There are 6 protein chains.
Amino acid sequence: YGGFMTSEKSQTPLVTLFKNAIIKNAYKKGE
Amino acid sequence: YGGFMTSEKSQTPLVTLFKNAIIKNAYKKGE
Amino acid sequence: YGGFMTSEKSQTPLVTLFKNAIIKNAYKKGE
Amino acid sequence: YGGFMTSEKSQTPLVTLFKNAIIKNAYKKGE
Amino acid sequence: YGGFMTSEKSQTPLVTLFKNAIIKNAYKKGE
Amino acid sequence: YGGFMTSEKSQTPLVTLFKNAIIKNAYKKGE
């Protein structure tokens with residue numbers, strides 16, 4: 001878990017197309 | 001879980017098209 | 001779960017078109 | 001679940017058109 | 001967990017397409 | 001955990017395609 005949640009369910013060789021991915025403090029102090 | 005929830009159910013090689021993805025404090029202190 | 005809920009049910013290679021995705025405190029302290 | 005609920009039921013390669021998606025405290029403390 | 005969450009479930013040799021990946025304080029002090 | 005989370009579940013010789021990977025303070029003081 002964290003930031004963008006990419007949940008892809010498939011019984012085949014898929015691929016996660018992530019472009020311009022910017023993580024700005026995805027996780028805070030407490031969590 | 002977290003940020004954008006991408007739930008894709010398919011028995012084929014799909015792909016998550018994520019553009020301009022910006023995570024701003026997706027997770028707070030407590031969670 | 002979290003932020004935008006993308007529930008796509010299909011027996012084919014689909015794709016999640018997410019543009020200008022901005023996560024602003026998607027998850028609070030408690031949750 | 002969370003934020004915008006996108007429930008699309010189809011036996012074909014669809015696509016979730018999400019533009020200007022802004023998650024502002026989609027999840028509160030309790031939940 | 002951390003930053004962008006890439007959850008890909010498939011019984012085949014897939015691949016994570018991560019471009020322009022930028023981690024800006026993915027993890028805060030507390031976490 | 002840390003920075004970009006690449007979770008790929010497959011019973012085959014896959015590969016993580018990471019391009020333009022930039023880690024900017026992936027881990028803060030506390031963590």
# chains A, B, ... in the order shown; residues from 1 in each chain; ligands from 1

call {"tool": "interface_residues", "arguments": {"of": "chain B", "to": "chain E", "cutoff": "8 Å", "atoms": "only C-alpha atoms", "output": "ChimeraX atom specification"}}
result
/B:2,23,29

call {"tool": "select_by_dssp", "arguments": {"residues": "chain E", "states": "strand (DSSP E)", "output": "PyMOL selection string"}}
result
chain E and resi 5-9+15-18+22-24

call {"tool": "write_last_selection", "arguments": {"atoms": "N, CA and C atoms", "output": "mmCIF file, in the first residue's frame"}}
result
data_model
loop_
_atom_site.group_PDB
_atom_site.id
_atom_site.type_symbol
_atom_site.label_atom_id
_atom_site.label_comp_id
_atom_site.auth_asym_id
_atom_site.auth_seq_id
_atom_site.Cartn_x
_atom_site.Cartn_y
_atom_site.Cartn_z
ATOM 1 N N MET E 5 2.204 2.255 -5.305
ATOM 2 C CA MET E 5 1.895 0.857 -5.030
ATOM 3 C C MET E 5 1.552 0.112 -6.315
ATOM 4 N N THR E 6 2.455 -0.762 -6.749
ATOM 5 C CA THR E 6 2.248 -1.537 -7.965
ATOM 6 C C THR E 6 1.847 -2.971 -7.642
ATOM 7 N N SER E 7 0.542 -3.225 -7.620
ATOM 8 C CA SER E 7 0.028 -4.557 -7.320
ATOM 9 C C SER E 7 -0.438 -5.258 -8.593
ATOM 10 N N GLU E 8 0.409 -6.136 -9.121
ATOM 11 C CA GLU E 8 0.085 -6.873 -10.337
ATOM 12 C C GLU E 8 0.053 -8.375 -10.071
ATOM 13 N N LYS E 9 -1.132 -8.966 -10.185
ATOM 14 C CA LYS E 9 -1.299 -10.397 -9.958
ATOM 15 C C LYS E 9 -1.478 -11.139 -11.278
ATOM 16 N N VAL E 15 5.907 -7.260 -16.344
ATOM 17 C CA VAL E 15 6.934 -6.232 -16.229
ATOM 18 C C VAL E 15 6.338 -4.912 -15.751
ATOM 19 N N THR E 16 7.031 -4.258 -14.823
ATOM 20 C CA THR E 16 6.571 -2.986 -14.281
ATOM 21 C C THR E 16 7.149 -1.813 -15.065
ATOM 22 N N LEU E 17 6.303 -1.159 -15.854
ATOM 23 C CA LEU E 17 6.731 -0.019 -16.655
ATOM 24 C C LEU E 17 6.703 1.266 -15.834
ATOM 25 N N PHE E 18 7.841 1.605 -15.236
ATOM 26 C CA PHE E 18 7.948 2.811 -14.422
ATOM 27 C C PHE E 18 8.858 3.838 -15.089
ATOM 28 N N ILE E 22 9.845 9.643 -9.711
ATOM 29 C CA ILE E 22 10.485 10.596 -8.815
ATOM 30 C C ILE E 22 9.973 10.438 -7.387
ATOM 31 N N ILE E 23 10.864 10.041 -6.485
ATOM 32 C CA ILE E 23 10.502 9.855 -5.085
ATOM 33 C C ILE E 23 10.873 11.079 -4.253
ATOM 34 N N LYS E 24 9.868 11.868 -3.891
ATOM 35 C CA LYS E 24 10.086 13.067 -3.092
ATOM 36 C C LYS E 24 9.604 12.862 -1.659
#

call {"tool": "atom_distance", "arguments": {"atom1": "CA of residue 19 (chain F)", "atom2": "CA of residue 21 (chain E)"}}
result
7.3 Å

call {"tool": "atom_distance", "arguments": {"atom1": "CA of residue 11 (chain D)", "atom2": "CA of residue 11 (chain A)"}}
result
16.0 Å
